[PDB]
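Visitor: whatever this is, show me its structure:
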Amino acid sequence: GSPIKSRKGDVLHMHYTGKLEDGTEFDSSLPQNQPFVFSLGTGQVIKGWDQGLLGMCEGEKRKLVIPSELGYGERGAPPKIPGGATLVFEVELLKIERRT
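Guide: Numbering: from 1, shown residues only. Sharing the structure here:
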């Protein structure tokens, strides 16, 4: 066997829980139990995700600390995300479309 792993261009189905530095969860795909689906490496998601989610196999978890320069910047993303907030994501890759 040779598990495929995420590369630029893949379509990923991703669970995430994002937290502030204050520990407080701002968002998660887990409560609705709805994976976020997107094309990796296309500027569809935050820069910290595009550079940070490479080389994941299905079923693998990763933690990403993402200072605001690589997230939503000083602008922020109201209501949940303050301008300048460092985000802490715990992500779980569920599915890479390419393998099937």
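Visitor: burial of residue 56, as a residue count?
Guide: Neighbours of residue 56 under the rule other C-beta atoms under 10 Å: 22. Every residue, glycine included, has its C-beta placed from N, CA and C.
Visitor: residue 10 versus that one, what's the distance?
Guide: Relative to residue 10, residue 56 is positioned 9 Å away (C-beta to C-beta, to the nearest Å).
Visitor: for residue 54, same thing?
Guide: From residue 54 to residue 10 the distance is 9 Å (C-beta to C-beta).
Visitor: and the strands in this protein?
Guide: Counting by DSSP state E, the chain has strands at residues 11-19, 25-28, 36-39, 61-66, 87-96.
Visitor: how distant is the last one from the center of its chain?
Guide: For strand 87-96, the separation from the chain centroid amounts to 5 Å (computed by C-alpha atoms, centre = their mean, to the nearest Å).
Visitor: again with the second one
Guide: What separates the centre of strand 25-28 from the centre of its chain is 12 Å, taken as C-alpha atoms, centre = their mean.
Visitor: ok so, going back, in a markdown table: the strands of the chain, plus distance to residue 2.
Guide: Shown next, in a markdown table, are the strands of the chain (distance: least, C-beta to C-beta, whole Å):
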| stretch | distance to residue 2 |
| --- | --- |
| strand 11-19 | 19 |
| strand 25-28 | 32 |
| strand 36-39 | 23 |
| strand 61-66 | 20 |
| strand 87-96 | 13 |
